[PDB]
file my_file.csv (CSV, C-alpha atoms)
chain,number,residue,atom,x,y,z
A,1178,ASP,CA,-18.3,-5.4,26.0
A,1179,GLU,CA,-21.5,-3.6,25.0
A,1180,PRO,CA,-22.5,-5.3,21.7
A,1181,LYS,CA,-24.6,-2.2,20.4
A,1182,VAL,CA,-21.8,-0.3,18.7
A,1183,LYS,CA,-22.9,2.5,16.3
A,1184,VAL,CA,-19.9,3.2,13.9
A,1185,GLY,CA,-17.1,5.0,15.6
A,1186,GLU,CA,-16.1,3.0,18.7
A,1187,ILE,CA,-12.7,1.5,18.8
A,1188,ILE,CA,-13.5,-1.2,21.3
A,1189,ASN,CA,-11.1,-3.8,22.7
A,1190,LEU,CA,-12.0,-7.5,22.5
A,1191,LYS,CA,-10.9,-9.6,25.5
A,1192,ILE,CA,-9.7,-13.2,25.2
A,1193,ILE,CA,-9.0,-15.4,28.2
A,1194,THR,CA,-7.0,-18.5,27.4
A,1195,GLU,CA,-6.3,-21.4,29.7
A,1196,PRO,CA,-4.5,-24.6,28.7
A,1197,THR,CA,-6.2,-27.8,29.7
A,1198,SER,CA,-5.1,-31.0,31.3
A,1199,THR,CA,-3.4,-31.9,28.0
A,1200,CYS,CA,-0.7,-29.3,28.9
A,1201,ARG,CA,1.4,-32.4,29.7
A,1202,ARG,CA,1.4,-33.6,26.1
A,1203,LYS,CA,3.7,-31.7,23.8
A,1204,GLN,CA,5.9,-29.2,25.7
A,1205,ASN,CA,8.6,-29.0,23.0
A,1206,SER,CA,6.7,-26.3,21.3
A,1207,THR,CA,6.5,-23.6,23.9
A,1208,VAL,CA,4.5,-21.2,21.6
A,1209,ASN,CA,1.3,-21.7,19.7
A,1210,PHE,CA,-0.4,-19.2,17.4
A,1211,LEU,CA,-3.9,-17.8,17.6
A,1212,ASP,CA,-5.6,-16.7,14.4
A,1213,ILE,CA,-8.7,-14.5,15.2
A,1214,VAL,CA,-11.1,-15.0,12.3
A,1215,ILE,CA,-13.9,-12.8,11.2
A,1216,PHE,CA,-17.3,-14.1,10.0
A,1217,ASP,CA,-20.3,-12.2,8.7
A,1218,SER,CA,-23.5,-13.1,10.5
A,1219,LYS,CA,-25.2,-14.1,7.3
A,1220,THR,CA,-22.5,-14.8,4.7
A,1221,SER,CA,-19.0,-16.2,5.5
A,1222,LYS,CA,-15.2,-15.6,5.1
A,1223,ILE,CA,-14.5,-11.9,5.3
A,1224,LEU,CA,-11.1,-11.3,3.7
A,1225,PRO,CA,-8.4,-10.1,6.2
A,1226,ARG,CA,-7.7,-6.7,4.6
A,1227,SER,CA,-11.3,-6.0,5.6
A,1228,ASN,CA,-12.3,-2.6,4.2
A,1229,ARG,CA,-15.8,-1.3,4.8
A,1230,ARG,CA,-15.7,-3.8,7.7
A,1231,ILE,CA,-13.9,-4.3,11.0
A,1232,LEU,CA,-10.5,-2.6,11.0
A,1233,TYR,CA,-8.0,-3.9,13.5
B,753,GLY,CA,48.7,14.5,18.9
B,754,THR,CA,45.8,12.2,19.6
B,755,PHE,CA,45.4,10.5,16.2
B,756,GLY,CA,42.3,8.3,16.2
B,757,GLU,CA,42.5,8.0,12.5
B,758,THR,CA,41.7,5.1,10.1
B,759,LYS,CA,38.7,3.8,12.0
B,760,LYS,CA,37.5,2.0,8.8
B,761,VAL,CA,33.8,1.7,9.7
B,762,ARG,CA,31.4,0.4,7.1
B,763,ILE,CA,27.9,1.9,7.3
B,764,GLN,CA,24.7,0.5,5.7
B,765,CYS,CA,22.0,2.3,3.8
B,766,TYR,CA,18.8,0.2,3.8
B,767,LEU,CA,15.7,1.6,5.6
B,768,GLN,CA,14.5,-1.6,7.2
B,769,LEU,CA,10.8,-0.8,7.7
B,770,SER,CA,8.4,-0.3,4.8
B,771,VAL,CA,5.0,1.5,5.0
B,772,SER,CA,2.2,1.2,2.5
B,773,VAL,CA,-0.7,3.7,2.6
B,774,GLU,CA,-4.4,3.2,1.8
B,775,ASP,CA,-6.9,6.1,2.1
B,776,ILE,CA,-10.4,4.7,2.8
B,777,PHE,CA,-13.0,7.3,1.9
B,778,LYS,CA,-16.1,7.7,4.0
B,779,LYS,CA,-18.9,10.2,4.5
B,780,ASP,CA,-17.7,12.9,7.0
B,781,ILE,CA,-15.1,10.6,8.6
B,782,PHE,CA,-11.8,9.2,7.3
B,783,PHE,CA,-9.7,6.1,7.6
B,784,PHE,CA,-6.0,5.3,7.1
B,785,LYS,CA,-4.8,1.7,6.4
B,786,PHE,CA,-1.1,1.1,6.9
B,787,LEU,CA,0.7,-2.1,5.7
B,788,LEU,CA,4.0,-2.3,7.6
B,789,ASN,CA,6.7,-4.9,6.8
B,790,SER,CA,10.4,-5.4,6.6
B,791,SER,CA,12.7,-4.3,3.8
B,792,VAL,CA,14.1,-7.7,2.8
B,793,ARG,CA,12.7,-11.1,3.4
B,794,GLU,CA,15.3,-12.5,5.9
B,795,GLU,CA,15.7,-9.6,8.4
B,796,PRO,CA,12.6,-9.3,10.6
B,797,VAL,CA,11.7,-6.1,12.4
B,798,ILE,CA,10.3,-5.4,15.9
B,799,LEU,CA,8.0,-2.4,16.3
B,800,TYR,CA,7.3,-0.4,19.5
B,801,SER,CA,4.9,2.5,18.7
B,802,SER,CA,3.1,4.1,15.8

call {"tool": "encode", "arguments": {"input": "my_file.csv", "output": "structure tokens"}}
result
Amino acid sequence: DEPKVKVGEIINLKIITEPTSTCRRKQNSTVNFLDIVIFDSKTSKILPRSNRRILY
Amino acid sequence: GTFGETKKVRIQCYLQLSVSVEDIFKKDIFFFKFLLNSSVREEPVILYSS
């Protein structure tokens, strides 16, 4: 929500997940893991300790 | 003479959580970065609030 953020706004990100019609496939794993990764707009691969950057 | 003696309990001394501090300097505002993990690498920890 509201993509103009100045500096100091701790702002929640919202993720809505829905498994597809291939929910019938595996079913012996009941958990899967969701890495949220962070890219710069110009450059790539911000390291996950992420100082002077997004803190989470 | 209610003697409840010799309850030979063994107690452990190992603080299970471990906190690392990092002080990010900034102009007129300040940031704390906090790395939290277990003591030893086979006993995992649940956390509730900080």

call {"tool": "interface_residues", "arguments": {"input": "my_file.csv", "of": "chain B", "to": "chain A", "cutoff": "12 Å", "atoms": "only C-alpha atoms", "output": "PyMOL selection string"}}
result
chain B and resi 774-787

call {"tool": "residues_around", "arguments": {"input": "my_file.csv", "residues": "segment 759-766 of chain B", "least_positions_apart": "3", "cutoff": "12 Å", "atoms": "all atoms listed in the file", "output": "PyMOL selection string"}}
result
chain B and resi 755-756+769-770+790-792+795

call {"tool": "atom_distance", "arguments": {"input": "my_file.csv", "atom1": "atom CA of residue 1190 of chain A", "atom2": "atom CA of residue 1212 of chain A"}}
result
13.8 Å

call {"tool": "atom_distance", "arguments": {"input": "my_file.csv", "atom1": "atom CA of residue 1187 of chain A", "atom2": "atom CA of residue 1230 of chain A"}}
result
12.7 Å

call {"tool": "atom_distance", "arguments": {"input": "my_file.csv", "atom1": "atom CA of residue 793 of chain B", "atom2": "atom CA of residue 1205 of chain A"}}
result
26.9 Å

call {"tool": "build_atoms", "arguments": {"input": "my_file.csv", "residues": "segment 756-782 of chain B", "atoms": "N, CA and C atoms", "output": "tab-separated table (two decimals), keeping the file's coordinate frame"}}
result
chain	number	residue	atom	x	y	z
B	756	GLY	N	43.24	9.39	16.26
B	756	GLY	CA	42.30	8.30	16.20
B	756	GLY	C	41.90	7.94	14.82
B	757	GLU	N	42.82	8.09	13.88
B	757	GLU	CA	42.50	8.00	12.50
B	757	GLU	C	42.35	6.53	12.05
B	758	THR	N	41.86	6.38	10.81
B	758	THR	CA	41.70	5.10	10.10
B	758	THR	C	40.76	4.14	10.81
B	759	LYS	N	39.73	4.66	11.48
B	759	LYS	CA	38.70	3.80	12.00
B	759	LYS	C	37.77	3.44	10.86
B	760	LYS	N	38.11	2.36	10.16
B	760	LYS	CA	37.50	2.00	8.80
B	760	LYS	C	36.16	1.39	9.01
B	761	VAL	N	35.20	2.21	9.41
B	761	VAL	CA	33.80	1.70	9.70
B	761	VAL	C	33.07	1.62	8.35
B	762	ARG	N	32.23	0.59	8.26
B	762	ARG	CA	31.40	0.40	7.10
B	762	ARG	C	29.92	0.60	7.58
B	763	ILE	N	29.21	1.50	6.91
B	763	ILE	CA	27.90	1.90	7.30
B	763	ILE	C	26.89	1.42	6.20
B	764	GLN	N	25.68	1.05	6.62
B	764	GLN	CA	24.70	0.50	5.70
B	764	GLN	C	23.59	1.49	5.45
B	765	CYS	N	23.08	1.44	4.22
B	765	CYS	CA	22.00	2.30	3.80
B	765	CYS	C	20.88	1.42	3.25
B	766	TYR	N	20.01	0.98	4.16
B	766	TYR	CA	18.80	0.20	3.80
B	766	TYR	C	17.79	0.49	4.90
B	767	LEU	N	16.77	1.30	4.60
B	767	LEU	CA	15.70	1.60	5.60
B	767	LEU	C	14.88	0.30	5.76
B	768	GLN	N	14.91	-0.24	6.99
B	768	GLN	CA	14.50	-1.60	7.20
B	768	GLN	C	12.95	-1.73	7.22
B	769	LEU	N	12.24	-0.74	7.75
B	769	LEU	CA	10.80	-0.80	7.70
B	769	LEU	C	10.29	-0.36	6.34
B	770	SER	N	9.03	-0.69	6.05
B	770	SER	CA	8.40	-0.30	4.80
B	770	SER	C	6.92	-0.10	5.03
B	771	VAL	N	6.40	1.06	4.65
B	771	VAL	CA	5.00	1.50	5.00
B	771	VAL	C	4.27	1.67	3.66
B	772	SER	N	3.10	1.04	3.57
B	772	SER	CA	2.20	1.20	2.50
B	772	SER	C	0.90	1.88	2.98
B	773	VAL	N	0.40	2.85	2.21
B	773	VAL	CA	-0.70	3.70	2.60
B	773	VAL	C	-1.94	3.37	1.81
B	774	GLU	N	-3.10	3.42	2.47
B	774	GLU	CA	-4.40	3.20	1.80
B	774	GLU	C	-5.35	4.19	2.46
B	775	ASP	N	-5.99	5.02	1.65
B	775	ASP	CA	-6.90	6.10	2.10
B	775	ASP	C	-8.32	5.62	1.90
B	776	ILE	N	-8.98	5.16	2.96
B	776	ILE	CA	-10.40	4.70	2.80
B	776	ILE	C	-11.28	5.95	2.95
B	777	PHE	N	-12.02	6.22	1.89
B	777	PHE	CA	-13.00	7.30	1.90
B	777	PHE	C	-14.23	6.93	2.62
B	778	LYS	N	-14.77	7.88	3.37
B	778	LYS	CA	-16.10	7.70	4.00
B	778	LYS	C	-16.75	9.03	4.16
B	779	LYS	N	-18.06	8.97	4.37
B	779	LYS	CA	-18.90	10.20	4.50
B	779	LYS	C	-18.61	10.79	5.89
B	780	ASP	N	-18.01	11.99	5.90
B	780	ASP	CA	-17.70	12.90	7.00
B	780	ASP	C	-16.68	12.36	8.01
B	781	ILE	N	-16.16	11.15	7.83
B	781	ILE	CA	-15.10	10.60	8.60
B	781	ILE	C	-14.07	9.98	7.64
B	782	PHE	N	-12.90	9.61	8.16
B	782	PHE	CA	-11.80	9.20	7.30
B	782	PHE	C	-11.02	8.08	7.95
